[PDB]
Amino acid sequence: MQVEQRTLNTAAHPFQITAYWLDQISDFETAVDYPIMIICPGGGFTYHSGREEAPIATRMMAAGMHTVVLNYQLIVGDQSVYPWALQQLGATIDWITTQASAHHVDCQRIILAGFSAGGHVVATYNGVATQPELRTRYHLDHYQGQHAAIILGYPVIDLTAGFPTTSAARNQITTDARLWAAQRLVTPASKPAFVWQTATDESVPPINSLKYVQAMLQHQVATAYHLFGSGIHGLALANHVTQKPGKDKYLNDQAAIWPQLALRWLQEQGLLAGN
């Protein structure tokens, strides 16, 4: 295993990634290409949450995949999140294709994962990047590679659906209303999505994920949806690993099965080797 932290410069706003590369197993006689998961953590568009980075990356890596954590564009200085964050996702996927030979990456198995605010970036990208008119509009032309599926954990989906709490805050994320509601960008070309959230989510109302899932069904895109009946927002792994010290509310044994469900779903989609 190797860790690589660097700046990628192939976007209008350069940005940092942290890649965790699997090394080839030495007593294997033939090389193996592995899937790769790009992770966009939460943080309300003002920070990148550590709880939704390495702990999640490490769990996915244990199942035999490379991971890359993307420091997508935040509200910082006078800058909004969009359109920049969408171009950075495209640039990261393109960079992966250039690294694929060196690190044994299966470019037909690039998965995107977004949590809370990072889920808006990923859910929006799923719609934008799979539609030529929108790729051009948001300057995604001339990037190589494409993702094969997305995973969304308690995602922000529609900026008018409860998160954020004010119009001023919404506008800071983007004044481009075409990007407020990711469910409205779904077409039959959108990639398959595994979506999970808790029904008791207060800060990002579960109507968010429900609306995205509804739009996916209505456009005949393969999707799985797990709305657990309890738990606060921001559970992450929902176990002791991502538990804020002394806070029981970050533990939910029902929701904690989601990585297993997600990995099995990836296997069903033929995007991860089965066993």
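For every residue, the number given is its place in the sequence shown, counted from 1.
Novice: May I ask you to compare 100-108 and 85-93 by their mean CA B factor in the entry and name the higher one?
Specialist: Taking the mean C-alpha B-factor of 100-108 and of 85-93, the larger value falls to 100-108.
Novice: Out of 45-53 and 227-235, which one has CA B-factors that are higher on average in the deposited record?
Specialist: It is 227-235.
Novice: Take the CA temperature factors straight from the PDB entry and tell me which of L210, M65, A31, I38 peaks.
Specialist: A31 has the highest C-alpha B-factor of those listed.
Novice: Highest CA temperature factor in the entry: which of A256, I25, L266, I17?
Specialist: By C-alpha B-factor in the record, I25 ranks first.
Novice: If you rank the chain by CA B-factor, which third does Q214 end up in: lowest, middle or highest?
Specialist: According to the entry, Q214 has a C-alpha B-factor in the chain's middle third.
Novice: Using the B-factors in the PDB entry, rank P205's C-alpha atom against the chain and give the third, lowest, middle or highest.
Specialist: According to the entry, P205 has a C-alpha B-factor in the chain's middle third.
Novice: Sorting the chain's modelled residues by C-alpha B-factor, tell me whether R59 ends up in the lowest, middle or highest third.
Specialist: For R59, whose C-alpha B-factor we compare with every modelled residue in the chain, the answer is the lowest third.
Novice: Please say which third, lowest, middle or highest, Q73 falls into when its CA temperature factor is compared across its chain.
Specialist: For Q73, whose C-alpha B-factor we compare with every modelled residue in the chain, the answer is the lowest third.
Novice: Would you mind ranking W180 by its C-alpha B-factor against the rest of the chain and naming the third, lowest, middle or highest?
Specialist: Ranked within chain, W180 CA B lands in the middle tercile.
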